[PDB]
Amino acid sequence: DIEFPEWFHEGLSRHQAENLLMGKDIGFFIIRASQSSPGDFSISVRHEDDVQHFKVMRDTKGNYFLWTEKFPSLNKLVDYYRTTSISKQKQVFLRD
């Protein structure tokens, strides 16, 4: 039962992610393997006038986090940022 989520595109560049999400509404997002740091992952998210990018942080027990709160999986991280703003500078909430 392994298929990736419809918004997880492993190979998509930063620039391709910005072009895509400019054609979607605020909060729409994708996850990609990081281009500037091999082995990282990135969430690109449509904000009001532009697309901003967040680095997926990990610890040794394998949690995922972006800011403070920690999650056992990428999907649980996603789901939590559906109702807590992923941006600390404006109000922005993951939506699909």
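So that there is no doubt, residue numbering starts at 1 and follows the sequence shown.
For the pair 83 to 91 and 10 to 18, the mean Cα B-factor is higher in 83 to 91. Compared with the other modelled residues of the chain, the Cα B-factor recorded for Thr68 ranks in the highest third. Ranked against the other modelled residues of its chain, the C-alpha B-factor of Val45 as given in the entry falls in the lowest third. In the deposited entry, the Cα temperature factor of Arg32 places it in the lowest third of its chain's modelled residues. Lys55: CA B factor lies in the lowest third for its chain, per the PDB record.
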